[PDB]
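Quick heads-up: it's one chain on its own, the form deposited in one PDB entry, in structure tokens.
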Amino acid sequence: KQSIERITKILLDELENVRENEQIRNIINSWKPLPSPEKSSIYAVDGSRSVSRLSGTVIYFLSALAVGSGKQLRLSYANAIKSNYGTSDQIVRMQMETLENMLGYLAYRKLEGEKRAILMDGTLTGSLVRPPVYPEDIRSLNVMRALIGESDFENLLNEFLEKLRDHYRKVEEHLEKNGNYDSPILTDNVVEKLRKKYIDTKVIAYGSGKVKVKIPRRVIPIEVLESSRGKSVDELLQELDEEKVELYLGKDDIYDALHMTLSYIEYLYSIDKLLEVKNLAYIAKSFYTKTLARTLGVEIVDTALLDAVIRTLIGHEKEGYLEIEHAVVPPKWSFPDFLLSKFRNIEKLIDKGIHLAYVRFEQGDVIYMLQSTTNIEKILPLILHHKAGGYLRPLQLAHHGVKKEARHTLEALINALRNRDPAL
């Protein structure tokens, strides 16, 4: 209980590195009231995920729901994947995020009205600030690029790119029937046959659990250097151009770098689709303090902190919203140059900018981080039409309906084939 202060101290000295005025003082009475409601046809989509680790294996269940002005639409999925630290969580998150993105997009398509909107739980920036990626997953592309070369890679891309189009099709016309789908995720279904086509043909066995790979004749793995020593770069080059240079790689790193690559491309595809929605809004109870304020997009105040300040000084505690004057933009690092040419809306988003507002729906209510792809001005009123609490109703229905024993059945399975060993 000694800490009980340190925290408080900590929590205060935090607040008051805000109380301290950087263009905030003024910006507060730059707080607008709420526009007037406008009639809209809306859908809100959240998702839940349940993970279970069994030995060095991870077993997850994703669910994503859209409630609203239409009937209820549902995507499901279940899987097992190699456990990791960075990468295990890393994969599943993307899949979770893609189920929702998919849903919002297909939902928008089933939505009748003059003015239509989709409403997502999260932020838009979260993906393009520090995506569920980390330096690790870009390597996966650059490795892939280098290993199977740019010709076959672009080939790989486009074939998968189109496969996903049909996928979206089957998926859509399934929702239309049963209002739900049990196989919304493509990648881990088509990865094997994609390995066998774009990889297994470029490779040979090597001594133990590895593969010998000729390097296509612009990026090359750092290994090639490391493998070459007594030699001048010249010969490293002449060996390159003469097509003799070759690497000895873990057959499995390669599969996972393929699987990542695909999981990645599919996640990106679904953002590109959902950006197709004209009025798209994100709602968040918390964005965060440090990350974005430092995002180099200059500085943001974290509604939890900022709300705290208002009632303190201006004494307001009034509903309304405060727009952040300068529209945001995803960095260059956060997203490849060569992949973008295949996503025109992500392209467009980068170029156009995101608009965002601290929005307080209710009297003494929480400030929400409201991000949108259209001026807060256009979308905010459409958003207000469905307001119920100090919050919006269909999200309240999307979130409370998005959320077990489903597991120990998946303990009760392998018998009929092999062994009960691991899950105990």
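Heads up: residue numbers just count along the shown sequence, starting at 1. Throughout, rigid core stands for the largest set of C-alpha atoms superposing within 1.5 Å between the two forms.
- Counting the unmodelled positions of the deposited sequence between residue 217 and residue 218 gives a gap of 4 to 9 residues.
- The stretch of deposited sequence separating residue 403 from residue 404 contains 1 to 3 residues lacking coordinates in this entry.
- The mean Cα B-factor in the deposited entry runs higher for 54-62 than for the other of 54-62 and 375-383.
- Between 148-156 and 264-272, it is 148-156 that carries the larger average Cα temperature factor according to the deposited entry.
- Remark: of 90, 312, 95, 341, 312 shows the highest value [criterion: C-alpha B-factor in the PDB entry].
- The top Cα temperature factor in the record, among 113, 104, 320, 132, falls on 132.
- Placement of the Cα temperature factor of residue 223 within the chain: middle third of the modelled residues, per the deposited record.
- Per the deposited record, the Cα B-factor of residue 68 falls in the middle third when ranked against the other modelled residues of its chain.
- The PDB entry assigns residue 241 a C-alpha temperature factor belonging to the highest third of its chain's modelled residues.
- Ranked by Cα temperature factor within the chain, residue 125 sits in the middle third according to the deposited record.
- Residue 37: CA B factor lies in the lowest third for its chain, per the PDB record.
Another form exists, deposited in another entry; not displayed. Remarks below refer to it.
- Following superposition on the rigid core between this form and the one not shown, the residue from 246, 172, 347, 200 with a C-alpha displacement of 2 angstroms or more is 246, and no other.
- When two forms of a protein are overlaid on their rigid core, residues whose CA moves 2 Å or more are considered shifted, and residue 230 is one of them between this form and the one not shown.
- Core-superposed comparison between this form and the one not shown: the Cα of residue 413 travels 2 Å or more.
- Once the rigid core is used as the reference frame, the Cα position of residue 288 differs between this form and the one not shown by 2 Å or more.
- Cα of residue 238 to Cα of residue 139: at least 3 Å shorter in that other deposited form than in the shown structure.
- In that other deposited form, the CA atoms of residue 243 and residue 139 draw together by 3 angstroms or more relative to this form.
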